[PDB]
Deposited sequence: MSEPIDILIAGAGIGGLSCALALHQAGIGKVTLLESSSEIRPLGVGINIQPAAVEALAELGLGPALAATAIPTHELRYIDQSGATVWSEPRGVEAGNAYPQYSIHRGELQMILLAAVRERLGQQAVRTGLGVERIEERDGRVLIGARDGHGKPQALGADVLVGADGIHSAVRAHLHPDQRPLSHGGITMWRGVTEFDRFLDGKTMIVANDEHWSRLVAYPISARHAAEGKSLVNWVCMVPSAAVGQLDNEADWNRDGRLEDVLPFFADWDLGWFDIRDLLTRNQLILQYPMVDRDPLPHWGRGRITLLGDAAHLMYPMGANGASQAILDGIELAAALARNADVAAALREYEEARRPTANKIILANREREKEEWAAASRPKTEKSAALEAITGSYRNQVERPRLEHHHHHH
């Protein structure tokens, strides 16, 4: 079997390893820069199609044991009344549910499955990819550990699933644009609720100043007791905030005093936003960034997957869901083609056009909303 190396043991890398194993493709090894894989991050949404992929991978039970099968999305106005609502998951006509889950819990589920099926030697932590070369009919990787010691590795295929600050992507597209700021500043976290609607309904709201709120339960364990762990995201035009940090970080702590002022005049009645924010278990800050669409992803025996390939704003079905589906397609492409390079190109041309359309459309919608909100839903206070 061909030797496959995946840079990054995040949602995309781990799910990809599982998809390759499912297809009976090669001997897989993952290199993770972090010293240890931790259940970091807050809530995310896995779309039904991505949930179906995970279920076919045998993770159905695991997901049902920790995630919430969100069945409705309610858009409420500044008086707290429902303006629009729609079903989600199975009730919306999908074969599988949409799962709202803690990203960390998802990573642990994937990690557990990888160690179980691939072996406990399969994931090498504390090793960050630093240099890459395609030579001698293989890809030669230069990594470095926490002590600064060099580690050389070789593979027949290199999958760049190294996220937002992908080293593999930088290698393939050295003259690429730095991250593109979407013009929105994000704060997110989780807050425990004695009760939150039926424990499986997502809430969305925004004011005339284009400050947005999205809240939804993500813990099946909490629900087991009639309680709910409510994930929340506040989105405000960056023009109102100024610069948060020097670089985008998925695990950067935020401050209540930075976000609360934008929602301090809100009074949704039945739903207390001051309570939601004030009682948070944690607050994380992040600039809504993405990357310009690329004309091509890979080269030779190297390809990209997940955020390393198509970083998107963290909303809707962007992110995890797309990374998961990339993995399934990559494994299928490698199983269908005898030549490694051709397999990678087929995978890319099957997923890149899709990704690029989402990126461009997301940008246009955000731009349109900003333009509309800028010309002369009022927070009740």
Completion exercise
Gaps relative to the deposited sequence fall at 1-3, 380-398, 404-410
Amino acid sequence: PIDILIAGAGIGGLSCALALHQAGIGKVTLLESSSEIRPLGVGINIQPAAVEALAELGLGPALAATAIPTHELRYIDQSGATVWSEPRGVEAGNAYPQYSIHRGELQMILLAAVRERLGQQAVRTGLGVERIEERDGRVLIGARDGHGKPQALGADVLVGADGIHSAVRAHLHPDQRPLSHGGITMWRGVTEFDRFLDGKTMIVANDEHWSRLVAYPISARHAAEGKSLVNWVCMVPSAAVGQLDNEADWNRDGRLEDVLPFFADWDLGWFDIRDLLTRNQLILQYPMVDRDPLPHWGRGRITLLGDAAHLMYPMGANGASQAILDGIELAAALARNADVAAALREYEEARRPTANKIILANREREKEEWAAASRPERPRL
From here on, numbers count along this sequence of modelled residues.
Exercise for the section: Between 128-136 and 206-214, point out the one with the higher average CA B-factor as the PDB entry records it. Expected result: 128-136
Handout entry: Stretch exceeding the other in mean C-alpha B-factor - 318-326, 25-33
Key = 25-33
Exercise for the section: Return the residue from 239, 90, 264, 168 that has the highest Cα B-factor in the entry. Expected result: 264
Exercise for the section: Could you say which of 305, 110, 152, 233 has its CA atom at the highest B factor, as listed in the PDB entry? Expected result: 152
Problem - Cα B factor band for residue 189 (lowest, middle or highest third within the chain) - result: lowest
Practice task
Would you mind ranking residue 41 by its C-alpha B-factor against the rest of the chain and naming the third, lowest, middle or highest?
Solution key: middle
Handout entry: Third of the chain's Cα B-factor distribution that residue 225 belongs to, per the entry
Key = highest
Practice task
Using the B-factor values recorded in the entry, state whether the Cα atom of residue 359 falls in the lowest, middle or highest third among the modelled residues of its chain.
Solution key: lowest
Handout entry: Among modelled residues of the same chain, the CA temperature factor third for residue 351
Key = middle
